[PDB]
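Presented below, as structure tokens, is a lone chain in the form deposited in one PDB entry.
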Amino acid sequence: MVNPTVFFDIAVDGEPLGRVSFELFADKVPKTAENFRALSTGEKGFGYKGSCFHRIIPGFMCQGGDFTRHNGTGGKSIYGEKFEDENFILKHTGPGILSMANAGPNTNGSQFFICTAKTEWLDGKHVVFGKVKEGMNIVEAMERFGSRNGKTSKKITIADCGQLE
């Protein structure tokens, strides 16, 4: 019934920062929401714990989820290396939207991004599947460690993650 909620405990060069929680829209995009949920608990034997936000651009997005190559070239889903664009019902409306990164049509894996601005040009190209629930302040603090080209000035990690309730 109820959309699941997941959390990320963020650290900055190993130092705890705070918690970000997300609502996952399992009601509209169940296959995409289930992938992010399972990667957040680690219940398939792999996932987001210990991974980093490798590309942060202030006024745009924070991108993470590459737990196999640590730099934007890797990751895998719970369904195999890649899976299809499930639907484009939800749009990139503003800060806090959670959406899938990709390298072309039907190439979703584990990488994702949190919007820090409206990114409407991505509508119909990236699958939106959730939003920040609590901790947008923590996202804003992360965002300050980014740069124009995306390289971070300190290492931004998911020290822990899982499901709430």
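The first residue of the sequence shown is number 1, and the count goes up from there.
What follows is about the form deposited with a partner chain bound, which we do not show.
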Check whether residue 102 has any heavy atom within 4.5 Å of a heavy atom of its partner chain in the bound PDB entry, and answer yes or no.
yes
Does residue 51 reach its partner chain in the bound PDB entry, with heavy atoms at most 4.5 Å apart?
no
4.5 Å heavy atom contact, residue 122 and its partner chain in the bound PDB entry:
yes
Its partner chain contact in the bound PDB entry: residue 46, any heavy atom under 4.5 Å:
no
What I'd like checked is whether 5, 8 and 131 together line its partner chain in the bound PDB entry, meaning each has a non-hydrogen atom within 4.5 Å of it.
no
